[PDB]
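Okay, so here's just one chain, in structure tokens, the form deposited in one PDB entry.
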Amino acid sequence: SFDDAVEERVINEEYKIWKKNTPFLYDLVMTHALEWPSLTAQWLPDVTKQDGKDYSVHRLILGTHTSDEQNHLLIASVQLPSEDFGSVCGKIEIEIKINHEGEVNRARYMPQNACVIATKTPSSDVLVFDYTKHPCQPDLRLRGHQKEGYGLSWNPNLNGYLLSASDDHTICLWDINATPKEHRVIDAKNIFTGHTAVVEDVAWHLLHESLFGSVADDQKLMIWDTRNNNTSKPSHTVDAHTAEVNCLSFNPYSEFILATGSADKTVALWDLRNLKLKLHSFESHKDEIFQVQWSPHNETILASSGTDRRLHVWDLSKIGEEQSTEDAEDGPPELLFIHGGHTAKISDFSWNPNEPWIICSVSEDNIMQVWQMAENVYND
């Protein structure tokens, strides 16, 4: 159609421009086309090195989206710059592969033992694998609910405790260590309802093992306390957004600050000490927002991605500082950087935990990008 065509046209012309400015806007930009689109992406904690090599190796947990052929759980190794047949391999390879029944919606490793990877299937089961066992039939099948989902959150502080969101208006909680397994199957320690609609995302508080937050299409943010008795009584409910809320992430350097992304094209800043007053609303995205992640290195900065094909990076510290018109355009002072290297909807992204400022983002066209904005943008 005409609109599709016009759209596709602007996307290319803009991309054209982007690529030309690459050396000016970035310090690192790596593009790579997977054989299949990945809906998930998360960096693994470890870093591998060799003496004499000008690079270190990092790894990502990716997935495949084949609405046909066989799907797999992937582990990709990426070579990253250091302080400075039989030929040298490419900077990106797929070290591990694991047959997975259906697309991989999410895939997160367990903080306590990253050999453990939890998965979100297009089914209603939640799978668990140990990529030390398959070196495929999951090592654990988590019962819990009737619908598909994406929300997935491992609890630090409590080995094994996993949370999940679902299109069936509920949240499940399991103890992966679950005594017995009755045929690789662990039922569900608790099911939190309290949500009028589809639950988009879920996330554990980072310090208090009994707290966690949920987010759903009912336009609300709910804070829960595992200790409470009513599996329908969220200890708190917040009218967070105009549209449906798609995610929430806790600030790594705080025990109160939180963030949420909505279809209302907005990212809301929240403080647990007073969920009655929204601290701020980051605006600029032109379509739905599905991912929001805080920098693992700076308490003041977070990023968001969505359907508008843009990855935004914000800086709380610049909220409110005055800016010069015709500069006061392009966006508010809180918008530190805009990543326009993706040519399709960004499905998910992850901040590298060892290399401050490196981000990996997977797009729907099955493109993967490892990038780092130019130092000057966040320095001087």
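One rule holds for the numbers: they count along the sequence shown, beginning at 1. Superpose the two forms; the largest set of C-alphas matching within 1.5 Å is the rigid core.
What follows is about the form solved in complex with a partner chain, which we do not show.
Partner-proximal stretch of 274-282, 110-118, 301-309, 74-82 relative to its partner chain in the deposited complex, 4.5 angstroms, heavy atom: Of the stretches listed, the one contacting the partner is 301-309.
Partner contact for residue 322 in the deposited complex: its partner chain, 4.5 angstroms, heavy atom: Taking the distances in the deposited complex, the answer for residue 322 is no, it never comes within 4.5 Å of its partner chain.
Exercise: residue 51 in contact with its partner chain in the deposited complex, heavy atom 4.5 Å: The answer is no: residue 51 has no heavy atom within 4.5 Å of its partner chain.
Non-hydrogen atom contact residue 340 with its partner chain in the deposited complex at 4.5 angstroms: Residue 340: contacts its partner chain in the deposited complex.
Its partner chain contact at residue 353 in the deposited complex, heavy atom, 4.5 Å: No.
Three-residue site 25, 332 and 335 fully in contact with its partner chain in the deposited complex at 4.5 Å by heavy atom: Spot residues vs its partner chain: full contact, yes.
Displaced residue between the shown form and the other one, judged on C-alpha after the rigid core is fitted, out of 181, 273, 208, 147 (threshold 2 Å or more): The one that shifts is 181.
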